[PDB]
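Student: Its first residue numbered 17, the first sequence is counted upward by one per residue in the UniProt record's numbering.
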Amino acid sequence: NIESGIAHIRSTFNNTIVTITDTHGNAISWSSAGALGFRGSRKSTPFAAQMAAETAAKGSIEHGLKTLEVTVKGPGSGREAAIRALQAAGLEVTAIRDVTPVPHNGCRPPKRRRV
RNA sequence: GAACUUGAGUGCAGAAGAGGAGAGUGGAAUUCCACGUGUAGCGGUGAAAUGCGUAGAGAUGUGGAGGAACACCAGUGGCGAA
């Protein structure tokens, strides 16, 4: 039973995962578009991000959270939907923080697609 | 052969620079390894599948290993014969 937590939203182009943890990063609960039965294109859509956030939130509310800090990673379109969905579940969102990993010129990226 | 100082160079006084070689050091990120929390998918596509995952993955926290490259600055900006 913990109150304050961080909501890690990993929004990629293919899927949106939402893990909810305590302030010390111990996992309370998590949800992802795939876990909710979305497949392929559907998982990417922002609608699925909403549903993923709601499902993750309702799992956490059992443990008794009230305030969430939000961290967003990846280039997906889910972050806004997932954040608004967390607010709609009742948990107040203190601050959103983009923590997408930025290399300072490190590893060579994979070759560009010729689509 | 003898003069001259503009070319060329030297002296003296300043200026900028990713110019080069050598030796160190630093932060981000990817991967891997160990551990805590935690559960059913993760990944990928135009759509899928191969692949990875209940032998506990992906997500998340701490620490560690190693290799390569140096975000912002950064600019028809600088330096170099290329």
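Quick reminder that beta carbons are idealized off the backbone N, C-alpha and C, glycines included.
Counting only the same chain and skipping the five closest in sequence on each side, list residues whose C-beta sits under 7 angstroms from that of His-79.
Tutor: The count along the first sequence starts at 1 and reaches residue 79 at position 63. Same-chain partners within the cutoff: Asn-17, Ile-18, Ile-44.
Student: Measure the C-alpha to C-alpha separation of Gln-103 and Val-109 and round it to an integer number of angstroms.
Tutor: Taking the first sequence and counting its residues from 1, the one referred to as residue 103 is at position 87. Taking the first sequence and counting its residues from 1, the one referred to as residue 109 is at position 93. Taking the straight line from one Cα to the other gives about 6 angstroms.
Student: For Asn-30, which of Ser-20, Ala-23, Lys-59 has the nearest alpha-carbon?
Tutor: The sequence position of residue 30 within the first sequence is 14, counting from 1. Considering only alpha carbons, the answer is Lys-59.
Student: When we look at the beta-carbon of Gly-21 and count the other beta-carbons within 10 Å, is it buried (16 or more) or exposed?
Tutor: By 1-based counting over the first sequence, the position of residue 21 is 5. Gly-21 is buried by the Cβ-count criterion.
Student: How is the alpha helix (DSSP H) around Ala-64 delimited, first residue to last?
Tutor: Locating residue 64 in the first sequence gives position 48, counting from the first residue. It spans 62 to 79 - the alpha helix (DSSP H) in which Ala-64 sits, taken as one unbroken run.
Student: Does the beta-carbon distance from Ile-36 to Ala-23 come in below 9 angstroms?
Tutor: Within the first sequence, the letter at position 20 stands for residue 36. Within the first sequence, the letter at position 7 stands for residue 23. Yes; because the gap between Cβ atoms is below 9 angstroms, this pair is in contact.
Student: Excluding five sequence neighbours on each side, which residues of the same chain lie with their C-beta closer than 6 angstroms to the C-beta of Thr-83?
Tutor: Position 67 of the first sequence, counted from the first residue, corresponds to residue 83. Cβ within range, chain order: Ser-20, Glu-108, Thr-110.
Student: Which class does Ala-49 belong to by DSSP, given the choice of helix, strand or coil?
Tutor: Position 33 of the first sequence, counted from the start, is the residue given in the question as residue 49. DSSP places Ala-49 in coil when its eight states are reduced to three.
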